[PDB]
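Colleague: Below is the structure I would like to discuss, written out as structure tokens.
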Ligand SMILES: Nc1ncnc2c1ncn2[C@@H]1O[C@H](COP(=O)(O)OP(=O)(O)OP(=O)(O)O)[C@@H](O)[C@H]1O
Ligand SMILES: Nc1ncnc2c1ncn2[C@@H]1O[C@H](COP(=O)(O)OP(=O)(O)OP(=O)(O)O)[C@@H](O)[C@H]1O
Ligand SMILES: [Mg+2]
Ligand SMILES: [Mg+2]
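Quick look at the structure:
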């Protein structure tokens, strides 16, 4: 019987090959003998390539692989608000299981051309510099770009805190961060009361590369539930740079030919198909919205690099934080010369425009 | 049918692959049918990868290869003194057999961290700049790094010649050089009389790549015999970059995965193995020591290249030689600013240590303010004195080819320079003053020289001062 | 006397401004040099590996 | 039936074939013990670590020592677990290799002792601490201008002749004396001569009895040089988790750890990333660093010495390393020559903890004012050298006068320097150093001679020294 | 060609002049066949056996007791990059080295030999003579010193210089132009027949220039002259 | 299409003169960066003076830029463009500040600007 059961033939660096699984479907979830999940990536003529979503040291050649019959998906619902979970929806805060009822696929098509609407509602971040010079609207994709230790996380936390009175569900996705810093961020949010409307998705640097790869998609899939129920969602991706690094690691482990800066060819598609799912829906679709604030870390303020240019080509404007200005006492060191909001201004109240 | 013989399947570019040989050891030495020898590096599932240590044009597919049962080793003994041999221990000078009665394996463990002792004895090279600013101690390993035609070979030859009166055995290893160049070096050593305590190991550019790869290990194996029997040994590797290139050629021919600049993964491990065997043994293991002077040739002064980076990270210090400094009249060409030694002070005698700090400060003050040479040519209270002292320091540090200087004279000349006795002498007369002072010293200040030699400390200040003014009275300023 | 004092002060100020401009240019050129060096190393190793695995 | 068999040897890489269904897990340790059967063989004592499962019951391993003398077909046994090293008080005062075997001549640890696996997951989210806490070191300059965080990583920059080892010994002594926590030293890519010298230095200083020392020597294979940091980390983790102590972990050089990982990846044949580094550079760095954290019962504070290739701070290895650091200490040769033996640069040193939210408003203000005064004094050096001291304005005179006091007060007399000086060491609390620097900034001690501030502790010792001078 | 030369070296004991054209092409062809032979690539696309092949070719060109072969070899440097593996490897086998510079070529100086990069182990006091060694070292030092002054002059003009470096540069220009020569084969290019200069007269002329015997002559009179009388003749023909 | 028989002799000559001035300005950039305009000759300073104004006059306010900034766009005929650049090259407007040439249409708009501010 090799229809729903397989056998491992190779294991290495988080990648496994399995014999059998004749009826497996591309993108399905598979389960190993010890409980670790995997994703069916390549369906070859006589073997299946599986990406291991967890610790791979317990998987040995000859172990059994079992089908699940489900495309890559994560649990969603309102029971997930106020919890810290991994990109698979498993809680890590220790407060018990999450009682969700339905799920959404990790890979989902973006809203079409005729399903969208122009951005016309302001998103008040509470930061005077942003709200005055670089306004952000609901449904906009705005990039926060700067060097390390420039205050991007502080800006994101301030924006999330300010959303208390507005009807706005916030999702904070931390990719490749330190667990201690994530703990501190969660405690700050708890002190300020943000866990009444916030979901935290975490995948730290000690985690394997596939989880860092899959975290932003889990976050956006979680947000899309409320977006399509007619609500407004704010999603923050903390290091698209680290997501790209993890994807590069995975692609090189798969022996794919690299390009500029050893990145794969589809490094642009990786971020584009993620950031295209944030949109402002039309009245026919329900008027929901999703706002994305991806972060990009530059080296010595170089925004002409590959990943910074790729992300700039996708979003609707960027807020640039200046490293040397950050040392001048102006902690929200926004470089107004290199910062712009393309779909801003229209999404700004009458008084502030005047 | 047996597991002690095999048949050759593939031949080409100096390597062969053989079927069988089921009981061959990794790194073992094997013999072909026609009498040439080989060393087994790759042991695959069905075949053995063999590098050939000789002319491979006589090897064809299908002939037999046999086990020898011994890991590669080289002959050792006192009979090798004064001979020129290849990395296999076979003489190439044509003076007959060597007659050694003992062997030592090519690869041997380095001394443990508890078998060693702190470096505390000076290695006098006879070069004033090195002895004063970049000290080298017995048991230290010091890198000599620079571009082509900068003087590294001359520095090594002077260092070897200076060891005549000491109690050290010298080993010179030449990797990838012309046989004519090696013969010229041997002739220079014979002329200066250093060939009665020196051993020469040769791997010319026409030799197979494995011989170039194996030469430094043969050298250290020969040195370790004397080191472990209680003596002091000095070993020089003439081009570790050529040794690394030969190893890269072998690895690429054996189809091992390449890395940066197509080098194999264990290229750093190779040089770490080589250079970690130089040590200063503790009194429990005997007072023996081995000191190494590896050479690395940089391209256009780029010390950020892969092999130079590895060797710099491995060694205990660097000596940089620069082409512009070489052609500006500074023939020793040692860049005293970039060069560094991590055994400084411990590798110097007290007399040299008492003046080396002032010399270093005076040279450091003059290396900056070089832009101020043209500007402020008028009188200035401080910078003029600094420039005048620095010019004389640079003139003092110059030295001629194959003219080592005793440390008791180096100390005296540096004392005379630093204490201000050279200030009233023109820059053009400094070298003549030094030569005539050396001639005056062995004529009159024999008591000072003997005091320095016996106590390793500076003589009495007033007597030294009287000697210096007595010579200055005789000296004629031109 | 005022003319000579003004001339020397002007020379001092102009020279320090020139030195500052030169230092800034050196910093930017060093950044560009490091980027080019990294790109060259990456391209060389990628070409070597592609040639090696093309066999 | 648990036996393996050597099937393929290529330098430091060995492939072993096992019986079907009995393959060892990844990162397991395999041992080879062979006695020479005849004159054509040599004795083998080698340890391997599992890296990949190649299929067809074959496993690819990395050797921890030299593979010379191996023969295709000799027996390999599986230990059933990763590398295990002894833990506890038996490790204090001892020197180990990567395998956990003692290197000094003080005998071997009995087999009855407890041993812990080298590879383990990082502590979970709910086991971590929630509040940031300052680690008081007792050194004035460190406590003032670059505070340390319990569970944080501190980068250490410098070279030879700046007293890095002296500072390390003083940190060990102070932490053990005033907190009761042990320290661990990990010599990744250590030169044997410098390791021997450091061991003798620690024995002379007396801090050897409260430290565990681990050496991965430079002549060891890349696998050993890669794994030595993890055995040091395990030895620290035992005391962190079982005794509830606050432990220091010293890593001799982390760039050597990254380059050993790169060499191992190249040997395994993976396609290079970045400039030449391994594809898993960030993953390996994160797996090493994320185990050095503060928990509900203890913490590990780690000081890394960091080498920057080609002085390029944007190089991938320094870039990955800096993403985990919380502070930075730079040692200055100019200060060493001037006579400041702590040698910590007061302006180049930075710390994430220097923020009023956690360190205190008064501490923040004092630190900012001290840094401003030092910068002002630094700006005047060229004009002072050219024109002279008397040509300055009155405010410049006062700034120089106070800054030359501050520069001297930043120094301290160390306990470990007593064997050379004769003066006992000092431990200065953060409150005491803050108050002293505040008093100096206020001008309370402008009439005192400047040499009185040279090598004293609290703000009263300078008064006593000045009175002794007269 | 080497096989044809070795017969005359060994079997007849002659002195052989082996003129070999671009060595770089031999290595280039070796690298061209390397990939099709099935071998892995190397650092800059060359074959792995570059140094071994180069040495096996070069070590056969040597002087022995039977006879002597002297070889003059032209070596191409790709894109003026002297760090290229083939020219970098070729240096180990040479006794004398002559470097040609595009900077000197464009300025109008031929043969455009670099006076500082060129080296030879025959330049020793016991080989060529103490006077020759002194003159050569003084010329090299003067040229190196003049090269330094150009950086200052490019910003501050000639007038800012003192009156000893003024003489230094004024004589260095003369030396640099006197290092030129008109070749017999350059007659097709210039219309001027070439000249042959013995080494004794070369040394004498350079020593006289260094001592300033012809300091009053115009600078341009030293270009493509040959002997030291010919620059005086040119100066006479063009005025001074 | 930039050929004298397609665009006209004066159009071609004006374009070539503008390009020549801009090329000279680009060549002067490194000296200007290192040590400013103080060491430039009289003709080089005039070249810089003309080139900065030409570069600023090459800017324009677009109709689609109404959404970013409130300034309405402008449509400029090629005859007006050629005449304006010819007038700038002839030196008619060397006395106007260079900020008056930014984001305008015809040269009449440049003249109207610097009247709302100091002339
Ligand atoms: N407005 C502000 N006022 C005061 N301090 C601030 C402000 N914004 C940021 N900081 C501080 O400056 C530092 C910047 O850290 P932060 O995490 O916000 O930046 P980052 O760029 O996301 O950092 P990293 O690269 O470590 O992830 C922190 O110490 C933070 O407390
Ligand atoms: N101190 C010195 N004084 C005078 N001449 C020197 C001195 N040192 C070296 N030379 C000369 O400079 C040249 C340098 O040759 P040397 O063999 O020493 O250099 P190298 O660094 O080994 O270079 P290579 O073998 O690549 O040419 C030789 O002609 C040598 O005679
Ligand atoms: Mg952050
Ligand atoms: Mg040489």
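Residue numbers (the UniProt record's numbering), protein chains in the order written: chain A, 24 to 377; chain B, 24 to 501; chain C, 230 to 284; chain D, 1 to 470; chain E, 232 to 471; chain F, 353 to 471.
Built from N, CA and C at the ideal position, the CB exists for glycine as well.
Relative to ligand 1, what is the chain-ordered list of residues with a Cβ closer than 6 Å to any of its non-hydrogen atoms?
Modeller: A/171, A/172, A/173, A/174, A/175, A/176, A/177, A/354, A/355, D/352 and D/355
Colleague: Could you check what DSSP says for residue 115 of chain A in three-state terms: helix, strand or coil?
Modeller: coil
Colleague: Quick one: is residue 76 of chain B near chain D, going by C-beta distance under 9 Å?
Modeller: no
Colleague: What did DSSP end up calling residue 155 of chain D once you bin it into helix, strand or coil?
Modeller: strand
Colleague: Just to confirm before moving on: does the CB-CB distance between residue 333 of chain D and residue 343 of chain D stay below 9 Å?
Modeller: yes
Colleague: Can you find the residues in the same chain that come closer than 7 Å, C-beta to C-beta, to residue 389 of chain F, ignoring five residues on each side of it along the sequence?
Modeller: 397 and 400
Colleague: Does the beta carbon of residue 275 of chain E come closer than 9 Å to any beta carbon on chain C?
Modeller: With 9 Å as the cut-off, residue 275 of chain E counts as an interface residue toward chain C.
Colleague: Are the Cβ atoms of residue 49 of chain D and residue 256 of chain D separated by less than 9 Å?
Modeller: no
Colleague: Are residue 288 of chain D and residue 229 of chain D touching if we call contact CB-CB under 9 Å?
Modeller: Against a cut-off of 9 Å, the Cβ pair of residue 229 of chain D and residue 288 of chain D comes out as a contact.
Colleague: Identify, in the order they occur along the chain, each residue of the same chain with its Cβ nearer than 6 Å to the Cβ of residue 415 of chain E, setting aside the five sequence neighbours on each side.
Modeller: 425.
Colleague: Could you compute how far the alpha carbon of residue 452 of chain B sits from the alpha carbon of residue 497 of chain B?
Modeller: 14 Å
Colleague: Distance, Cα to Cα, residue 26 of chain D vs residue 325 of chain D?
Modeller: Computed Cα separation, rounded: 30 Å.
Colleague: Taking DSSP as the reference, what is the three-state secondary structure of residue 320 of chain B?
Modeller: In this structure, residue 320 of chain B counts as strand in the three-state DSSP scheme.
Colleague: Does at least one heavy atom of ligand 3 sit under 8 Å from the Cβ of residue 211 of chain A?
Modeller: no
Colleague: Whole angstroms is fine: what's the gap from residue 24 of chain A's alpha carbon to residue 42 of chain A's?
Modeller: 11 Å
Colleague: Within the same chain, show all residues whose beta-carbon is closer than 8 Å to that of residue 262 of chain E, passing over the 5 residues directly before and after it, in chain order.
Modeller: Cβ neighbours of residue 262 of chain E beyond the five flanking positions: 276, 277, 278 and 281.
Colleague: For residue 309 of chain A and residue 55 of chain A, I'd like the C-alpha separation in whole angstroms.
Modeller: Take the alpha-carbon of residue 309 of chain A and the one of residue 55 of chain A: they are about 41 Å apart.
Colleague: Considering only residues of the stretch 305–393 of chain B, which uninterrupted alpha helix (DSSP H) runs meet the minimum length of 4 residues and lie entirely inside it, listed in chain order?
Modeller: 329–337, 346–350 and 373–390
Colleague: According to the Cβ coordinates, are residue 420 of chain B and residue 409 of chain B closer than 9 Å?
Modeller: Not a contact, by the Cβ cut-off of 9 Å.
Colleague: Going straight from the alpha carbon of residue 450 of chain E to that of residue 369 of chain E, what length do you get?
Modeller: 20 Å
Colleague: Below 8 Å, can you find three or more Cβ-Cβ pairs linking the stretch 145–164 of chain D to the stretch 173–189 of chain D?
Modeller: no
Colleague: How about residue 233 of chain D and residue 186 of chain D: do their beta carbons lie closer than 9 Å?
Modeller: yes
Colleague: Name, please, each residue of chain A whose Cβ falls closer than 7 Å to the Cβ of residue 55 of chain D.
Modeller: 32, 33 and 84
Colleague: The stretch 284–297 of chain B: which residues have C-beta closer than 7 Å to a C-beta of chain D, in chain order?
Modeller: From the stretch 284–297 of chain B, only 288, 289, 291, 292, 295 and 296 have a Cβ closer than 7 Å to chain D.
Colleague: According to the Cβ coordinates, are residue 203 of chain A and residue 302 of chain D closer than 9 Å?
Modeller: It is not a contact, given that the beta carbons lie outside the stated cut-off.
Colleague: Using the three-state DSSP reduction, which class does residue 278 of chain C fall into: helix, strand or coil?
Modeller: Helix at residue 278 of chain C.
Colleague: Would you report the Cα separation of residue 230 of chain B and residue 37 of chain D, rounded to the nearest angstrom?
Modeller: 36 Å
Colleague: Is the distance from the Cβ of residue 140 of chain B to the Cβ of residue 305 of chain B below 9 Å?
Modeller: yes
Colleague: Can you check whether the C-beta of residue 177 of chain D is within less than 9 Å of a C-beta belonging to chain A?
Modeller: no
Colleague: When you compare only the Cα positions, how much space is there between residue 44 of chain D and residue 35 of chain D?
Modeller: 7 Å
Colleague: How would you list, in chain order, the residues of chain I whose beta-carbon sits under 8 Å from the beta-carbon of residue 271 of chain C?
Modeller: Among the protein chains of the structure shown, namely A, B, C, D, E and F, there is no chain I.
Colleague: Considering only residues of the same chain and omitting the five flanking positions on each side of residue 424 of chain B, which have a CB-CB separation below 8 Å?
Modeller: For residue 424 of chain B, where only same-chain residues beyond five positions count, the Cβ hits under 8 Å are 177, 181 and 354.
Colleague: What does residue 258 of chain C reach in chain A if we use C-beta pairs closer than 8 Å?
Modeller: By Cβ distance, chain A contributes nothing, its closest Cβ being about 13 Å from residue 258 of chain C, past 8 Å.
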